[PDB]
>>> print(open('query-v1.cif').read())   # mmCIF, C-alpha atoms
data_input
#
loop_
_atom_site.label_atom_id
_atom_site.label_comp_id
_atom_site.auth_asym_id
_atom_site.auth_seq_id
_atom_site.Cartn_x
_atom_site.Cartn_y
_atom_site.Cartn_z
CA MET A 1 83.01 -241.39 -19.97
CA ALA A 2 82.16 -242.52 -16.44
CA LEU A 3 84.33 -245.63 -16.46
CA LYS A 4 87.39 -243.58 -17.11
CA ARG A 5 86.79 -241.53 -14.04
CA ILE A 6 86.14 -244.79 -12.28
CA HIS A 7 89.64 -245.47 -13.61
CA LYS A 8 90.76 -243.62 -10.52
CA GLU A 9 87.91 -244.20 -8.14
CA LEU A 10 87.83 -247.94 -8.77
CA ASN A 11 91.37 -248.61 -10.00
CA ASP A 12 93.09 -246.39 -7.45
CA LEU A 13 91.78 -249.03 -5.12
CA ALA A 14 93.75 -251.54 -7.16
CA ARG A 15 96.80 -249.27 -7.34
CA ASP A 16 97.17 -249.40 -3.57
CA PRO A 17 94.84 -251.75 -1.66
CA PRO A 18 95.44 -251.30 2.08
CA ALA A 19 92.60 -252.78 4.15
CA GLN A 20 88.79 -252.72 4.65
CA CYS A 21 88.58 -251.46 1.06
CA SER A 22 89.39 -253.07 -2.28
CA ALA A 23 87.74 -252.86 -5.69
CA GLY A 24 88.89 -252.83 -9.29
CA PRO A 25 88.16 -254.36 -12.74
CA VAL A 26 86.07 -257.48 -12.05
CA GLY A 27 84.38 -258.16 -15.33
CA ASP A 28 87.10 -255.81 -16.53
CA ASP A 29 84.17 -253.49 -16.84
CA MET A 30 84.20 -250.40 -14.68
CA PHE A 31 80.50 -250.98 -14.09
CA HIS A 32 80.65 -254.36 -12.57
CA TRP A 33 83.18 -254.38 -9.82
CA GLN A 34 83.69 -255.87 -6.42
CA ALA A 35 84.65 -254.00 -3.30
CA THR A 36 85.53 -255.79 -0.07
CA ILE A 37 84.53 -253.50 2.82
CA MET A 38 85.36 -254.74 6.26
CA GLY A 39 84.46 -254.70 9.85
CA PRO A 40 88.26 -255.01 10.63
CA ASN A 41 89.10 -252.02 12.83
CA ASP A 42 86.60 -251.38 15.58
CA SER A 43 83.24 -252.39 14.30
CA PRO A 44 80.02 -253.98 15.52
CA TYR A 45 80.63 -256.34 12.62
CA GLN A 46 84.41 -256.52 13.17
CA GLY A 47 85.91 -259.39 11.21
CA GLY A 48 83.31 -258.94 8.51
CA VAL A 49 84.78 -258.67 5.10
CA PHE A 50 81.69 -257.53 3.30
CA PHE A 51 81.07 -257.50 -0.40
CA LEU A 52 79.93 -254.58 -2.53
CA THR A 53 79.18 -254.80 -6.24
CA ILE A 54 79.05 -251.46 -7.99
CA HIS A 55 77.57 -250.50 -11.35
CA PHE A 56 77.47 -247.32 -13.45
CA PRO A 57 75.30 -246.28 -16.40
CA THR A 58 77.34 -243.53 -18.19
CA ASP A 59 77.03 -241.06 -15.30
CA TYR A 60 80.13 -238.81 -15.26
CA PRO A 61 80.49 -235.99 -14.44
CA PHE A 62 77.82 -236.97 -11.91
CA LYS A 63 78.67 -240.50 -11.05
CA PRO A 64 76.27 -241.93 -8.42
CA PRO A 65 77.95 -245.20 -7.39
CA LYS A 66 75.19 -247.69 -6.73
CA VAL A 67 77.51 -249.65 -4.52
CA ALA A 68 75.57 -252.60 -3.22
CA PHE A 69 76.16 -255.22 -0.55
CA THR A 70 76.32 -258.65 -2.18
CA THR A 71 75.60 -260.20 1.18
CA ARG A 72 72.96 -259.53 3.78
CA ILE A 73 73.56 -256.62 6.16
CA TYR A 74 71.51 -254.86 8.82
CA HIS A 75 72.05 -251.09 8.92
CA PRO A 76 69.78 -248.02 8.32
CA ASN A 77 71.65 -247.00 5.19
CA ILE A 78 71.67 -250.42 3.56
CA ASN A 79 68.44 -251.53 2.08
CA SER A 80 67.79 -255.17 1.13
CA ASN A 81 69.76 -254.96 -2.14
CA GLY A 82 72.92 -253.72 -0.43
CA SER A 83 72.32 -250.23 -1.78
CA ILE A 84 73.57 -247.60 0.61
CA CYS A 85 72.49 -244.16 1.64
CA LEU A 86 75.92 -242.50 1.81
CA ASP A 87 76.12 -238.68 1.86
CA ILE A 88 79.30 -238.49 -0.27
CA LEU A 89 77.43 -240.49 -2.92
CA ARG A 90 74.00 -238.92 -2.59
CA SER A 91 74.57 -235.43 -1.21
CA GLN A 92 78.31 -234.72 -1.01
CA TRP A 93 79.43 -236.44 -4.22
CA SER A 94 81.74 -234.74 -6.65
CA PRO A 95 84.25 -236.07 -9.29
CA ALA A 96 86.84 -235.87 -6.51
CA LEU A 97 85.65 -238.80 -4.39
CA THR A 98 87.33 -242.05 -5.28
CA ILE A 99 85.74 -245.37 -4.35
CA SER A 100 89.06 -245.57 -2.67
CA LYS A 101 87.30 -242.84 -0.65
CA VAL A 102 83.72 -244.21 -0.54
CA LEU A 103 84.75 -247.74 0.33
CA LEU A 104 86.14 -246.51 3.61
CA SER A 105 83.03 -244.41 4.15
CA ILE A 106 80.86 -247.47 3.53
CA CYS A 107 83.23 -249.36 5.76
CA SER A 108 82.36 -246.58 8.19
CA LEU A 109 78.75 -247.73 8.24
CA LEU A 110 79.98 -251.02 9.60
CA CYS A 111 82.84 -249.35 11.42
CA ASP A 112 81.54 -245.91 12.48
CA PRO A 113 77.72 -246.77 12.80
CA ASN A 114 75.89 -243.53 12.11
CA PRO A 115 72.54 -243.14 13.93
CA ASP A 116 71.06 -240.67 11.44
CA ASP A 117 69.76 -241.47 7.99
CA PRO A 118 66.93 -244.00 7.56
CA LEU A 119 66.85 -245.67 4.13
CA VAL A 120 64.91 -248.82 4.93
CA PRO A 121 61.48 -248.70 6.63
CA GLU A 122 62.43 -251.53 8.98
CA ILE A 123 66.20 -251.76 8.87
CA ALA A 124 66.61 -248.17 9.89
CA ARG A 125 64.23 -249.06 12.70
CA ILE A 126 65.86 -252.27 13.86
CA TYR A 127 69.04 -250.23 14.02
CA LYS A 128 68.04 -247.27 16.08
CA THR A 129 65.57 -249.38 18.00
CA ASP A 130 65.89 -253.16 17.67
CA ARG A 131 69.54 -253.03 18.77
CA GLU A 132 69.39 -256.84 18.51
CA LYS A 133 68.69 -256.80 14.77
CA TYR A 134 71.60 -254.58 13.94
CA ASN A 135 74.52 -255.94 15.99
CA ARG A 136 73.74 -259.61 16.42
CA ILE A 137 72.67 -260.29 12.87
CA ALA A 138 75.00 -258.21 10.73
CA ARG A 139 77.88 -259.34 12.96
CA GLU A 140 76.61 -262.92 12.65
CA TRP A 141 76.67 -262.52 8.89
CA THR A 142 80.10 -261.11 9.49
CA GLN A 143 80.99 -264.44 11.07
CA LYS A 144 79.19 -266.63 8.56
CA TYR A 145 79.48 -265.02 5.16
CA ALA A 146 82.27 -262.58 5.59
CA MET A 147 85.14 -263.17 8.03
#
>>> encode(input="query-v1.cif", output="structure tokens")
Amino acid sequence: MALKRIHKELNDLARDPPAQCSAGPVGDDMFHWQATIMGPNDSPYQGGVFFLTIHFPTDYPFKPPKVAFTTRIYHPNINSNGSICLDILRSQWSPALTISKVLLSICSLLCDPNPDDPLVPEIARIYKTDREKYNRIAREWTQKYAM
């Protein structure tokens, strides 16, 4: 019954797609869907229309959206499969958070850069340490693969 909750979370994104966030029925399955999360606002990777593919295995009520970057992206919360450590999806999730919600929050990892939660052994490091790795590269990917 998860997909039918995703009916809002995912499809509410399709009901009214503003900016830096859009998903919806891709395979027409609510477990294989494509969200375009963007640098566009004030972001280290501004310009970067990133790509998130999300899948669900019959989760609801508790629907943990494994929302994963299709592309490459340097940031402590994104490990090398695009899978994000996002509080509202790991700690603060409830059946009241649309992807219409989470997409902006994930956008906020490109937009808001949080210096807190380390998911990846290195990528968390290169973020809060190898300032080069985080900005230059993920913004370069922004230029190359996203934009």
>>> atom_distance(input="query-v1.cif", atom1="atom CA of residue 23 of chain A", atom2="atom CA of residue 11 of chain A")
7.1 Å
>>> atom_distance(input="query-v1.cif", atom1="atom CA of residue 9 of chain A", atom2="atom CA of residue 90 of chain A")
15.9 Å
>>> resolve_selection(input="query-v1.cif", expression="the PyMOL selection byres ((chain A and resi 44-54) around 7)", output="number ranges by chain")
A: 31-43, 55, 65-71, 110-111, 135, 138-139, 142-143, 146-147
>>> write_last_selection(input="query-v1.cif", atoms="C-alpha atoms", output="JSON list (two decimals), keeping the file's coordinate frame")
[["chain", "number", "residue", "atom", "x", "y", "z"],
["A", 31, "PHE", "CA", 80.50, -250.98, -14.09],
["A", 32, "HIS", "CA", 80.65, -254.36, -12.57],
["A", 33, "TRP", "CA", 83.18, -254.38, -9.82],
["A", 34, "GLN", "CA", 83.69, -255.87, -6.42],
["A", 35, "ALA", "CA", 84.65, -254.00, -3.30],
["A", 36, "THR", "CA", 85.53, -255.79, -0.07],
["A", 37, "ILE", "CA", 84.53, -253.50, 2.82],
["A", 38, "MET", "CA", 85.36, -254.74, 6.26],
["A", 39, "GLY", "CA", 84.46, -254.70, 9.85],
["A", 40, "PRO", "CA", 88.26, -255.01, 10.63],
["A", 41, "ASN", "CA", 89.10, -252.02, 12.83],
["A", 42, "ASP", "CA", 86.60, -251.38, 15.58],
["A", 43, "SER", "CA", 83.24, -252.39, 14.30],
["A", 55, "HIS", "CA", 77.57, -250.50, -11.35],
["A", 65, "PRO", "CA", 77.95, -245.20, -7.39],
["A", 66, "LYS", "CA", 75.19, -247.69, -6.73],
["A", 67, "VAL", "CA", 77.51, -249.65, -4.52],
["A", 68, "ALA", "CA", 75.57, -252.60, -3.22],
["A", 69, "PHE", "CA", 76.16, -255.22, -0.55],
["A", 70, "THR", "CA", 76.32, -258.65, -2.18],
["A", 71, "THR", "CA", 75.60, -260.20, 1.18],
["A", 110, "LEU", "CA", 79.98, -251.02, 9.60],
["A", 111, "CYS", "CA", 82.84, -249.35, 11.42],
["A", 135, "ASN", "CA", 74.52, -255.94, 15.99],
["A", 138, "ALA", "CA", 75.00, -258.21, 10.73],
["A", 139, "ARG", "CA", 77.88, -259.34, 12.96],
["A", 142, "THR", "CA", 80.10, -261.11, 9.49],
["A", 143, "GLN", "CA", 80.99, -264.44, 11.07],
["A", 146, "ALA", "CA", 82.27, -262.58, 5.59],
["A", 147, "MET", "CA", 85.14, -263.17, 8.03]]
>>> atom_distance(input="query-v1.cif", atom1="atom CA of residue 123 of chain A", atom2="atom CA of residue 21 of chain A")
23.7 Å
>>> closest_residue(input="query-v1.cif", among="A:92, A:79, A:58, A:129", to="residue 105 of chain A", atoms="all atoms listed in the file")
A:92
>>> residues_near_point(input="query-v1.cif", point="(75.4, -248.2, 7.6)", cutoff="10 Å", atoms="only C-alpha atoms", output="list in words")
residues 73, 74, 75, 76, 77, 78, 79, 84, 85, 86, 105, 106, 107, 108, 109, 110, 111, 112, 113, 114, 115, 116, 117, 118, 119, 123, 124, 127 and 134 of chain A
>>> closest_residue(input="query-v1.cif", among="A:126, A:2, A:102, A:120", to="residue 56 of chain A", atoms="all atoms listed in the file")
A:2
>>> build_atoms(input="query-v1.cif", residues="segment 62-89 of chain A", atoms="N, CA and C atoms", output="PDB file, in the coordinates of the input")
ATOM      1  N   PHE A  62      78.504-236.519 -13.109  1.00  0.00           N
ATOM      2  CA  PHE A  62      77.820-236.970 -11.910  1.00  0.00           C
ATOM      3  C   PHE A  62      77.744-238.462 -11.917  1.00  0.00           C
ATOM      4  N   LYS A  63      78.628-239.064 -11.170  1.00  0.00           N
ATOM      5  CA  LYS A  63      78.670-240.500 -11.050  1.00  0.00           C
ATOM      6  C   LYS A  63      78.153-240.978  -9.698  1.00  0.00           C
ATOM      7  N   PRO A  64      76.855-241.312  -9.608  1.00  0.00           N
ATOM      8  CA  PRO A  64      76.270-241.930  -8.420  1.00  0.00           C
ATOM      9  C   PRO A  64      76.612-243.416  -8.365  1.00  0.00           C
ATOM     10  N   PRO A  65      77.550-243.811  -7.506  1.00  0.00           N
ATOM     11  CA  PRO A  65      77.950-245.200  -7.390  1.00  0.00           C
ATOM     12  C   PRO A  65      76.920-246.017  -6.639  1.00  0.00           C
ATOM     13  N   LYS A  66      76.054-246.713  -7.370  1.00  0.00           N
ATOM     14  CA  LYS A  66      75.190-247.690  -6.730  1.00  0.00           C
ATOM     15  C   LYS A  66      76.055-248.857  -6.293  1.00  0.00           C
ATOM     16  N   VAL A  67      76.612-248.693  -5.114  1.00  0.00           N
ATOM     17  CA  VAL A  67      77.510-249.650  -4.520  1.00  0.00           C
ATOM     18  C   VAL A  67      76.725-250.498  -3.527  1.00  0.00           C
ATOM     19  N   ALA A  68      76.558-251.764  -3.875  1.00  0.00           N
ATOM     20  CA  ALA A  68      75.570-252.600  -3.220  1.00  0.00           C
ATOM     21  C   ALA A  68      76.178-253.817  -2.539  1.00  0.00           C
ATOM     22  N   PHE A  69      75.780-254.036  -1.293  1.00  0.00           N
ATOM     23  CA  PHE A  69      76.160-255.220  -0.550  1.00  0.00           C
ATOM     24  C   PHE A  69      75.667-256.488  -1.251  1.00  0.00           C
ATOM     25  N   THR A  70      76.614-257.346  -1.603  1.00  0.00           N
ATOM     26  CA  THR A  70      76.320-258.650  -2.180  1.00  0.00           C
ATOM     27  C   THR A  70      75.630-259.527  -1.149  1.00  0.00           C
ATOM     28  N   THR A  71      76.087-259.389   0.083  1.00  0.00           N
ATOM     29  CA  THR A  71      75.600-260.200   1.180  1.00  0.00           C
ATOM     30  C   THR A  71      74.450-259.501   1.887  1.00  0.00           C
ATOM     31  N   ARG A  72      73.994-260.111   2.962  1.00  0.00           N
ATOM     32  CA  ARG A  72      72.960-259.530   3.780  1.00  0.00           C
ATOM     33  C   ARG A  72      73.598-258.701   4.883  1.00  0.00           C
ATOM     34  N   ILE A  73      72.976-257.580   5.221  1.00  0.00           N
ATOM     35  CA  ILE A  73      73.560-256.620   6.160  1.00  0.00           C
ATOM     36  C   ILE A  73      72.498-255.718   6.767  1.00  0.00           C
ATOM     37  N   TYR A  74      72.432-255.721   8.088  1.00  0.00           N
ATOM     38  CA  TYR A  74      71.510-254.860   8.820  1.00  0.00           C
ATOM     39  C   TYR A  74      72.176-253.527   9.152  1.00  0.00           C
ATOM     40  N   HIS A  75      71.582-252.450   8.659  1.00  0.00           N
ATOM     41  CA  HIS A  75      72.050-251.090   8.920  1.00  0.00           C
ATOM     42  C   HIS A  75      71.125-250.102   8.192  1.00  0.00           C
ATOM     43  N   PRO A  76      70.806-248.954   8.817  1.00  0.00           N
ATOM     44  CA  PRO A  76      69.780-248.020   8.320  1.00  0.00           C
ATOM     45  C   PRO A  76      70.007-247.544   6.895  1.00  0.00           C
ATOM     46  N   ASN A  77      71.254-247.594   6.456  1.00  0.00           N
ATOM     47  CA  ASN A  77      71.650-247.000   5.190  1.00  0.00           C
ATOM     48  C   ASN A  77      71.703-248.064   4.097  1.00  0.00           C
ATOM     49  N   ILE A  78      71.665-249.329   4.493  1.00  0.00           N
ATOM     50  CA  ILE A  78      71.670-250.420   3.560  1.00  0.00           C
ATOM     51  C   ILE A  78      70.297-251.016   3.468  1.00  0.00           C
ATOM     52  N   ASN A  79      69.698-250.873   2.323  1.00  0.00           N
ATOM     53  CA  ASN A  79      68.440-251.530   2.080  1.00  0.00           C
ATOM     54  C   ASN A  79      68.683-252.875   1.401  1.00  0.00           C
ATOM     55  N   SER A  80      67.651-253.722   1.359  1.00  0.00           N
ATOM     56  CA  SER A  80      67.790-255.170   1.130  1.00  0.00           C
ATOM     57  C   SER A  80      68.399-255.587  -0.227  1.00  0.00           C
ATOM     58  N   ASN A  81      69.007-254.656  -0.931  1.00  0.00           N
ATOM     59  CA  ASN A  81      69.760-254.960  -2.140  1.00  0.00           C
ATOM     60  C   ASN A  81      71.215-254.521  -1.978  1.00  0.00           C
ATOM     61  N   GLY A  82      71.584-254.179  -0.743  1.00  0.00           N
ATOM     62  CA  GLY A  82      72.920-253.720  -0.430  1.00  0.00           C
ATOM     63  C   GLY A  82      73.178-252.281  -0.822  1.00  0.00           C
ATOM     64  N   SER A  83      72.163-251.602  -1.318  1.00  0.00           N
ATOM     65  CA  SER A  83      72.320-250.230  -1.780  1.00  0.00           C
ATOM     66  C   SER A  83      72.320-249.280  -0.589  1.00  0.00           C
ATOM     67  N   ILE A  84      73.314-248.422  -0.553  1.00  0.00           N
ATOM     68  CA  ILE A  84      73.570-247.600   0.610  1.00  0.00           C
ATOM     69  C   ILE A  84      73.190-246.140   0.449  1.00  0.00           C
ATOM     70  N   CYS A  85      72.673-245.582   1.531  1.00  0.00           N
ATOM     71  CA  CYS A  85      72.490-244.160   1.640  1.00  0.00           C
ATOM     72  C   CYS A  85      73.750-243.540   2.255  1.00  0.00           C
ATOM     73  N   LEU A  86      74.644-243.082   1.386  1.00  0.00           N
ATOM     74  CA  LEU A  86      75.920-242.500   1.810  1.00  0.00           C
ATOM     75  C   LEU A  86      76.050-241.079   1.288  1.00  0.00           C
ATOM     76  N   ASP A  87      76.110-240.109   2.203  1.00  0.00           N
ATOM     77  CA  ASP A  87      76.120-238.680   1.860  1.00  0.00           C
ATOM     78  C   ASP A  87      77.053-238.373   0.695  1.00  0.00           C
ATOM     79  N   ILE A  88      78.316-238.724   0.815  1.00  0.00           N
ATOM     80  CA  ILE A  88      79.300-238.490  -0.270  1.00  0.00           C
ATOM     81  C   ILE A  88      78.955-239.151  -1.593  1.00  0.00           C
ATOM     82  N   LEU A  89      77.855-239.876  -1.663  1.00  0.00           N
ATOM     83  CA  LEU A  89      77.430-240.490  -2.920  1.00  0.00           C
ATOM     84  C   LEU A  89      76.030-240.054  -3.305  1.00  0.00           C
TER      85      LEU A  89
END
